[PDB]
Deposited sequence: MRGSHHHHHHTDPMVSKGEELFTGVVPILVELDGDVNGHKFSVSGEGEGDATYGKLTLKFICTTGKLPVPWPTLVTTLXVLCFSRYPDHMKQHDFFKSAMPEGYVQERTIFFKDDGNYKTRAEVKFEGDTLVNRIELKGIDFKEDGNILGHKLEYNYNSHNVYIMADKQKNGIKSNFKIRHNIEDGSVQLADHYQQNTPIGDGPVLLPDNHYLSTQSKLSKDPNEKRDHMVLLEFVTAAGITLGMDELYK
């Protein structure tokens, strides 16, 4: 069923055995265009697999769906057995963690995000606030000039010992419809909500694949997301 020598690893693995229902909530304001997004689906940490469908509940999303993928749940990452001592994300559960980002779109505006990821009963909830400022109303984001797709990448995770958390910097490239690229430079920090101990990782990376699709029967503005996330970059074992 599951068997680790470390009872701290056992506790976190316990919560993520089987398929866990996910509820995402986002409240957003980009250049004063207010919008909300609601997402539902399932995570299976055994396979690093997430399936989610998001709806814009206020009408038309004022930014391209691909720009929200990173913002709209890294506790579903598959950590190999020999790396389970490095899984900060599950160790923080069920009380959960805060995930803060600044996302700089090159030659354009920035998103600031704050999210609380935690269990409400059996359901893993991701509650997000997004503020976006300094966007060009002729630009690739408010102009909707990005392709509806996502590109595979490897992200590095490092411990922030002093915060009892983690930090990460990484770049996302978004395809523009002319074959060029829009860079989104992400700065991330995560901190525990609870006062109890967490697993602080050695340096490693997450390998992430994402596929974006549409529900042919859906008339609301929406995104269907299939994501795989796998931890790597530690050999020992």
| property | result |
| --- | --- |
| Missing CA stretches, deposited numbering from 1, N-terminus first | 1-6, 79, 245-250 |
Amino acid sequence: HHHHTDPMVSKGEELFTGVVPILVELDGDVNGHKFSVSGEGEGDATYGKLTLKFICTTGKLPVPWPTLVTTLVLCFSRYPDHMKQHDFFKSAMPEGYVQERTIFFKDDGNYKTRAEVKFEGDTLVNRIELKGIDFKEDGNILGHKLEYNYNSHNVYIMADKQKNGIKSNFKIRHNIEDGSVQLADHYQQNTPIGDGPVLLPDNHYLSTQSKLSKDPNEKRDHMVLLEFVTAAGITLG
From here on, numbers count along this sequence of modelled residues.
item: Of 176-184 and 62-70, the stretch whose C-alpha atoms average the higher B-factor in the entry; value: 176-184
item: Average Cα temperature factor in the PDB entry - higher stretch of 121-129, 146-154; value: 146-154
item: Residue with maximal Cα B-factor (values as given in the PDB entry) among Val9, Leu226, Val20, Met223; value: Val9
item: Highest-ranked of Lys90, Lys163, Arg114, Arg78 once sorted by CA temperature factor in the record; value: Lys163
item: Position of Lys136 among the chain's modelled residues by C-alpha B-factor, lowest, middle or highest third; value: highest
item: Lowest, middle or highest third - CA B-factor, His204; value: middle
item: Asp29 - Cα temperature factor, lowest/middle/highest third of chain; value: middle
item: Third of the chain, ranked by Cα B-factor, where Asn169 sits; value: middle
item: Assigned third (lowest, middle, highest) for the C-alpha B factor of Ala232; value: middle
